[PDB]
Amino acid sequence: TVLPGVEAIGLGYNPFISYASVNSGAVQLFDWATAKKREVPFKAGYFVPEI
Amino acid sequence: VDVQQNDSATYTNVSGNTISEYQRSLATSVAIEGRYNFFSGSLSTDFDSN
Numbered sequence: 031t032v033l034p035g036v037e038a039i040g041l042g043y044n045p046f047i048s049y050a051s052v053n054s055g056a057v058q059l060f061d062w063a064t065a066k067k068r069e070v071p072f073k074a075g076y077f078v079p080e081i
Numbered sequence: 082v083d084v085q086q087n088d089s090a091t092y093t094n095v096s097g098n099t100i101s102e103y104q105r106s107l108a109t110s111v112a113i114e115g116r117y118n119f120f121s122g123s124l125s126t127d128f129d130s131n
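Just so you know, the protein sequences line up as chains A and C, in that order.
The deposited numbering numbers the first residue of the first sequence as 31 and each following residue consecutively.
The deposited numbering numbers the first residue of the second sequence as 82 and each following residue consecutively.
Pasting the structure below:
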């Protein structure tokens, strides 16, 4: 499974419209459905892009 | 299609309550007597308003 929040990082963003929210900022820029995935060391069964 | 998680909730509640009460009372009384060695007279008047 993907780690929750990996869809939100890399989101194109506007800093002026509002404070930290997914509703400030447009669309995901990165193909992280397809990148090489590493398991996160402190949660077994959860993966993120190696980057 | 780019879908972002956005799990959120907001709640608002405004309520106002009011009571107003007014009360009035008025009472009046009059008593009169008249006297003459061969005549006696009495009158009473009473009025009440709420």
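Virtual Cβ for every residue (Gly too), placed ideally from N, Cα, C.
Pairing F128/C with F120/C, the inter-Cα distance amounts to about 27 Å. Within chain C, the residues whose beta carbon sits less than 9 Å from that of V52/A are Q85, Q86, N87, listed in sequence order. Judged by DSSP secondary structure, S110/C falls within the beta strand (DSSP E) whose first and last residues are 107 to 117.
The contact set of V57/A on chain C, defined by CB atoms closer than 8 Å, consists of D83 in chain order.
Taking every protein chain shown into account, the CB of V36/A has 16 or more other CB atoms within 10 angstroms, so this residue is buried.
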